[PDB]
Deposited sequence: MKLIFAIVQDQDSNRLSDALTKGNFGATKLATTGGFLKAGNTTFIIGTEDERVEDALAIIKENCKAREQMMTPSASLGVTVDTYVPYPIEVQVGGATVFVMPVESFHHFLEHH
């Protein structure tokens, strides 16, 4: 089993989430911020069997888009130039799981 951490842009979050659900993947969503832009993005945690990892990755790839994102921004004052930063569709880490439990006690 593997635990996938996928850091995606907020604009793709809902589409990805719906696609993972359609593909019968469980997932948990975390609100995160990037080290460089210091702005909101989204991290998904997706646990799955080894044999289904490439399927999950394909869903991520197909639902996330690389974009340019704007970064939060003399005698004479000038209007500052926007700062446009390349942001990938997804940064993904696939981690090994030692054991899984689903506790259903009442």
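Counting the deposited sequence from 1, the stretches lacking C-alpha coordinates are 74-79, 113.
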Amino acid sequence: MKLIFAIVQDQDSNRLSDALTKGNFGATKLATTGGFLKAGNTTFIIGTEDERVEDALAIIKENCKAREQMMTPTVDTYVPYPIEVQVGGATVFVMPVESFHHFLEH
From here on, numbers count along this sequence of modelled residues.
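Comparing the deposited coordinates for 97-105 and 3-11, the stretch with the larger average C-alpha B-factor is 97-105. A summary of the deposited B-factors shows that, of 32-40 and 75-83, the stretch with the larger mean C-alpha value is 75-83. Split the chain's modelled residues into thirds by C-alpha temperature factor. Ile46 is in the lowest one.
Split the chain's modelled residues into thirds by C-alpha temperature factor. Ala58 is in the middle one.
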